[PDB]
């Protein structure tokens, strides 16, 4: 069918009635012509690419942001001017999905270069490192990050500004908070047993006065109990767990995990009933139940992965495989409402370039990454089909903003995972 300029253009029906981004829509009607270049379809105020035209029908692809679902069609001349227009009587029903996007940071010269600077959200350069992410418990607009040899920085959502908190520490691994949040605990990984492993930054000083809390070699992270407030940290040498009491300033060695050279961090469940022990250099996770009577973590047991087996394998418990797991985050799952454990554990699998999910029952799945048929890279979009990370390290779930923030190391950016906006 050829377009007739002296005849009206009409939409009789469209299908499917429902869908979202990338849905292949079929539009029935009259006098569309068969030249794709002279047809303009707008869905929800957004341009929709026409992929087929047969005079009485046309195919188009539902674009991103087409939320209103209002369908407009125009027939154009060679110069792109509208010569006929029509509108559908019914609106298309748009279902939003989750996407990986770039929240903060940028690189320039075809993503080969980046600048280390303070500045607004739109002009703050690139992040040297974001290995651990933590919100201020007293201010949900303040998101802190540590970057190993790179500075400790602040992402302020209220002012839309990125600033430097503290510079100079050789290898900052974690951030945790005292029960009253009057202090920030910064953990430094260094080989001298007479030099500090844990530092404190006080709130009253604007986190400018730094204090040595404990001394110790090769500490890969520290974490406070969310109810009783005591600090747990390690030493890589024998893979020993230490308990520090803030009131008595006493350190107690607890158990050893397994063998020498055990690089791990401890992450408590929000109830404080247990912690996951994430062994970064041995590619497996353990669970350590909390003894409320002794106010101590107890002998842990393997929950998933296999000690020393680097791979990407989804499955239950010991059948699962990972490669360099980093920070995790406890996420409230509405499907678990009423159960003993209402949370899933989402974590960065750094050398698998993806985000994994560990359920309370020990099942490991992949949430995001490894899209576009590869592993490492820099790609936004569909969580499993398109999205790619390059050594994701830090991660935090934002319950108020209903999204994830990820420290994507080689891409020098803070990535976001949330529903399209």
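Residue numbers count along the first chain shown, from 1.
Enquirer: Where do the C-alpha atoms have the higher mean temperature factor in this entry, in 83 to 91 or in 175 to 183?
Expert: Here the higher of the two C-alpha B-factor means belongs to 83 to 91.
Enquirer: Per the PDB record, is the mean Cα temperature factor higher over 72 to 80 or over 142 to 150?
Expert: Looking at the record's C-alpha B-factors, the answer is 72 to 80.
Enquirer: From 136, 344, 156, 115, which pick has the Cα B-factor that tops the rest in the entry?
Expert: The record points to 115.
Enquirer: Between 357, 354, 395, 27, where does the Cα B-factor run highest in the record?
Expert: Max CA B-factor in the entry, restricted to 357, 354, 395, 27: 27.
Enquirer: Just say lowest, middle or highest third for the CA B-factor of residue 384 relative to the other modelled residues in its chain.
Expert: Residue 384: CA B-factor falls in the middle third of its chain.
Enquirer: Split into thirds by Cα B-factor across the chain's modelled residues, where does residue 258 land: lowest, middle or highest?
Expert: Ranked within chain, residue 258 CA B lands in the highest tercile.
Enquirer: State the tercile, meaning the lowest, middle or highest third, of residue 245 with respect to the CA B-factors recorded for its chain.
Expert: Middle third, going by the recorded CA B-factors of the chain.
Enquirer: What third of its chain's C-alpha B-factors does residue 391 belong to: lowest, middle or highest?
Expert: As the PDB entry reports it, the C-alpha B-factor of residue 391 lands in the lowest third of its chain.
Enquirer: Is the Cα B-factor recorded for residue 376 in the lowest, middle or highest third of its chain?
Expert: It falls in the bottom third of the chain.
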